[PDB]
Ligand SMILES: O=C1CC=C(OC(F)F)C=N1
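The chain below stands alone and is given in structure tokens; this is the form deposited without the ligand.
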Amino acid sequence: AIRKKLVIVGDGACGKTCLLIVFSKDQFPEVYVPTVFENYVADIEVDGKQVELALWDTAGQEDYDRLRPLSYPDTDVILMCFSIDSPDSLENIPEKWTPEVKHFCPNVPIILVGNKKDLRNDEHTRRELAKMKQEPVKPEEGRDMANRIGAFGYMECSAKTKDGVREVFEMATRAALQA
């Protein structure tokens, strides 16, 4: 059982808190989704290797440029999140987050994650986005962004339905183990 640290980064409502909660809680939050995530050490066995994966959130730190980098020391894998219902949050991936993560985390694998993929088929989401000339983030626009920023990989998930959530965390463990 080796120890690895995972830190999730991304804009305000990119769904990173919801994702850490839904993965860490073996018990779906049917009654109340917590506002905050403290920390968690997950027991993961990926490709036959047992790893203790410490999970950390950066929510609440987005406006504080000196407090935020205190989350980065000894990170083994970064999950870079964006919301598929917010193309604006994707535009900030190369200009703001990627340079910060490459500066404080040299050579740490980054997995670009598109959260809330279920909103791609939501009537209210498409109707609202079209009001500001937008549309849900397309799978290829996510892949191209991951490609451009030099990400280890591109993955999509849905914290609401749990689809693809376990695959993100097992893949991030494989990324953390690579040297």
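Residues that one form lacks are left out of the comparison. So that there is no doubt, residue numbering starts at 1 and follows the sequence shown. C-alpha atoms forming the largest set that superposes within 1.5 Å between two forms make up the rigid core.
Just going by the entry, 28-36 versus 116-124 on mean CA temperature factor gives the higher value to 116-124.
Of the candidates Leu70, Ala146, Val137, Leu53, the one whose C-alpha carries the top B factor in the deposited record is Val137.
Reading the B-factor column for the CA atoms of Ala130, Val41, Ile110, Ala59 in the entry, the top value corresponds to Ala130.
Sort the chain's modelled residues by C-alpha temperature factor and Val168 lands in the lowest third, per the entry. When the CA B factors of the chain's modelled residues are split into thirds, the value for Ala175 lands in the lowest one. Sort the modelled residues of the chain by CA B factor and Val101 lands in the middle third.
When the CA B factors of the chain's modelled residues are split into thirds, the value for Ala13 lands in the highest one. In the PDB entry, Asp76 places in the lowest third of its chain by CA B-factor.
Just so you know, the form deposited with the ligand bound exists too; it's not on screen, but the next bit is about it.
Of the heavy atoms in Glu123, none are within 4.5 Å of the ligand in the bound PDB entry.
Shown without its partner, the chain has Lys162, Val165, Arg166 in segment 141-168 as residues with a non-hydrogen atom within 4.5 angstroms of the ligand in the bound PDB entry.
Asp26 is the only residue from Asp26, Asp43, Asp63, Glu123 whose Cα shifts by 2 Å or more between the shown form and the other one, the rigid core being superposed. Under a 2 Å criterion for C-alpha shift, the lone consecutive stretch of 3+ residues that differs between the shown form and the other one after core superposition lies at 26-28.
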